[PDB]
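Just so it is clear, none of the values below were taken in a lab; they were calculated from the coordinates. Cβ: placed from backbone, ideal geometry, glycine included. Neighbour counts: every protein chain shown.
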Amino acid sequence: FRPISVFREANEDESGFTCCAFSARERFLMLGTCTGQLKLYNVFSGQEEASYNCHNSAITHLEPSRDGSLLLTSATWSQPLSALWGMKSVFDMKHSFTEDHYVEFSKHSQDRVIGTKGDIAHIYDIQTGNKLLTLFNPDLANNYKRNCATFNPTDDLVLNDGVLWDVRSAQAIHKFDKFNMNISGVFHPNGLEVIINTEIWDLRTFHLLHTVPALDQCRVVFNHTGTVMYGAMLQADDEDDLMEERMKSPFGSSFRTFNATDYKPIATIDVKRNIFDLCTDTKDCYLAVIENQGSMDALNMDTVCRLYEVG
Amino acid sequence: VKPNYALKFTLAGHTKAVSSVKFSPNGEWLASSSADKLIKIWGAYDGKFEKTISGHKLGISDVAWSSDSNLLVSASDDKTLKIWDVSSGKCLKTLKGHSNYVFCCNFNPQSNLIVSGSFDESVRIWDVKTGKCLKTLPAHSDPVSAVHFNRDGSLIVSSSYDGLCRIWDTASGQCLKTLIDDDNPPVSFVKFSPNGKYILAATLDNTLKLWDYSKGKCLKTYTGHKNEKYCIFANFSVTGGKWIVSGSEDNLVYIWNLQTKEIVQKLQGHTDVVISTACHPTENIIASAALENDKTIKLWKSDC
């Protein structure tokens, strides 16, 4: 990971980048900010290209569609908590999801959105914005504190709060036992296993395939071939109150890469600054990382975006 | 004529940001609430710690005195308010009903009702003696930042992140006025003037405005300070010169001439946002309180 470029938010006394994703027009990166703005930057020059007002509170997370026509944003406390934006010619809101604090596109045909409100998953149609489904069963819930509902690679299954759902039947098919307080788990890109905190479960059998202690409290993302996994550990203290939560960046100061087939470790990278987000481009040539240089972490938040060459 | 407030005492003791300071109506005490979940009582003239009042489960956003100085009400992030007997320090009632954090509270002049405002976008009116909710007002489409009774208790004013101030009939709960100007940035604070004729409102565009709410007219604008993020309390200073008083996100207390709208003083000393100020009821004394990187309360005294 050779450093290629660095830049901070233009105009602003304290740089407020909070999250990032490469846009379809490569060389340009989309970043959310702590003031609910979506901004476009040239990742090589550091030149701000555009700014759009998306939310009345800090952007927490975002996801562009693969075809570059749509964008999902999630905010912090203001409603709508998530929104869907059109990126063709003019930028504007197509739909809003007022109570979902997290949203993802469906994965195969990106024709739906899955939002999360606490323990509950919502599936929406991208065209109409209609809620197509609610997935929640209080007798199976694990009540994961940072639950995130997610589609599998073919969109026929959903993982929500540690419960595996069959979409077409809106039926829960399996409940994975609870072994941590926060992380609810993601699908592996191969479609045949799930990664729930430190537990790797086989969807063929529900046998435990791997214990990976390094993944505790981690979020993960895969390179586009599905051969490498990035993971970074959330900063936690559940005994933190509301004020103490804001004092922290989302992640610690290191991320790890793992072989995606057997979870063996590849690299451990410590950028010596706490991490807000990271992403790769579709070709996995570049890694973008939002790094806080603030002396007291997110207390005096002051983030830069670093572009690294993926070797 | 300008005041000459000068620093007399600094009150340390809270272990997290101080959210609200309030002089008792009899002038003897200062009450302070804190993110540390505690209410502390101090001597209003000597600044000496008197006692700690405890019972909330999470941070406290606001506290308020009953007219006779014997009770307090607090509003908490734990989604309740509590009514306290000041002498004993005991919790007389817990008011339960809000579905999220309670940010603002006040007794009415008669002291038989409490009004509360919440992140859940409602205003609620409570029976002081039963501890029960009398009315739930669907007051706003965004979090409520302040609630206040007028001088005869017949009206409530509320302010909200939806950009609106609203006036309510205490008895019926009917909305009687919606104040909005040329824009609607979040309204972060509001209260009635002591004569009941005006409304003083802060918006998160670094601006305070004095409204004739009956006429629906903005009469005075006060600027020069920094207020774009926090819900800073503000006051009419009426014991000497006629001022407007407010904290500021540059860590200063600002004082304006009410009529001319010019800044007449800025009080330096705090090391974080000055989120709360209070004007003593009979003497030219100001209390100020600051957030997490400061944690102290300051007492200032002026000759006019």
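Sort out for me the Cα centre separation of the range A:30-104 from the range A:210-244, rounded to whole Å. Value for the Cα centre distance between the two parts: 23 Å.
How high is the FRET efficiency between B:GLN259 and A:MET181 when r is their beta carbon distance and R₀ equals 51 Å, given to the nearest 0.05?
With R0 = 51 Å, the Cβ-Cβ based efficiency is 0.30.
Restricted to Cα atoms, chain A shows a radius of gyration and a Dmax of 18.5, 54 angstrom. Each listed q (0.12 Å⁻¹) maps to a log10 I(q)/I(0) for the range A:154-311, found by the Debye formula over equal Cα scatterers with no solvent: -0.59.
Computed from the alpha carbon positions, the gyration tensor of the range B:99-158 leads to an equivalent ellipsoid with semi-axes of 18, 13, 9 Å, biggest first.
Take the Cβ atoms of B:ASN293 and B:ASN100, set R0 to 35 Å, and the FRET efficiency comes out at 0.85.
So what is the 222 nm mean residue ellipticity for chain A from helices alone, if each DSSP H run of at least 4 adds -39500 (n - 2.57) and you divide by all residues, rounding to the nearest 500 deg cm²/dmol?
Calculated mean residue ellipticity at 222 nm is -500 deg cm²/dmol.
Each of B:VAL144, B:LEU113, B:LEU11 was scored by the projection of its Cα onto the charge dipole of chain B, and the greatest displacement toward the positive side belongs to B:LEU113; charges sit on the C-beta of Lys, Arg, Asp and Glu. B:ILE244 sits among other residues whose Cβ lies under 9 Å from its own Cβ, and their net charge, with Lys and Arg +1 and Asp and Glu -1, is +3.
Both radii come from the Cα set of chain B: Rg as radius of gyration, Rh as Kirkwood radius; their ratio Rg/Rh reads 0.93.
Per residue, the convex hull spanned by the alpha carbons of the protein assembly as shown comes to 163 Å³. Near B:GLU50, the amide H atoms lying under 5 Å from its own belong to B:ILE41, B:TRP42, B:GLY43; only residues 5 or more places off or on other chains count, and H is placed 1.01 Å from N. Taking a label point 7 Å from the Cα of A:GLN47 along the Cα→Cβ vector, which residues of the range A:271-308 have an amide N closer than 12 Å to it? Of the residues in the range A:271-308, none has backbone N under 12 Å from the label point off A:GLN47. Charges were assigned to the Cβ only: +1 to each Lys and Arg, -1 to each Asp and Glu. The resulting dipole of chain B about its Cα centre is roughly 580 debye. In this Cβ point-charge picture (+1 for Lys and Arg, -1 for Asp and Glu), the range A:95-165 has a dipole of about 160 debye about its Cα centre.
Phi-derived couplings, Karplus 6.51 cos²θ - 1.76 cosθ + 1.60 at θ = phi - 60°, listed residue by residue for the range A:221-233: 9, 10, 5, 6, 7, x, 10, 9, 10, 9, x, 9, 8 Hz, with x used for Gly and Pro. Placing unit charges on the Cβ atoms only, positive for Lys and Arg and negative for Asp and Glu, gives the range A:186-295 a dipole magnitude near 520 debye about its Cα centre. Taking a sphere under 12 Å around the Cβ of A:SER106 and counting the other residues whose Cβ falls inside, with K and R at +1 and D and E at -1, yields a net charge of -3.
Taking every Cα-Cα distance in the range A:1-86 and sorting them into 10 Å bins from zero, the calculated P(r) comes out as 18, 51, 27, 3 percent.
Note: relative contact order over the range B:144-272, using C-alpha pairs below 8 Å and six or more positions apart, is 15 percent.
With θ taken as phi - 60° and the Karplus curve 6.51 cos²θ - 1.76 cosθ + 1.60 applied, the whole-hertz 3J(HN,Hα) list for the range A:49-58 is 9, 7, 9, 9, 8, 9, 9, 9, 7, 4 Hz, x standing for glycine and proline. Entry for the range B:1-124 at q = 0.15 Å⁻¹: log10 I(q)/I(0) = -0.65, Debye formula applied to identical alpha-carbon scatterers, no solvent contribution.
Taking a Cβ cut-off of under 13 Å around A:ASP238, the surrounding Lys, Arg, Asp and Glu residues balance to a net charge of -3, with basic ones at +1 and acidic ones at -1.
Legend: residue pairs A:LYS145/A:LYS248; A:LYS117/B:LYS16; A:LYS117/A:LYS178; B:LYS40/B:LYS132; B:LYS40/B:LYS96; B:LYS209/B:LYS242, Cα-Cα distance threshold 21 Å; pairs beyond threshold, A:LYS117/B:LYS16; B:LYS40/B:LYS132; B:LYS40/B:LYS96.
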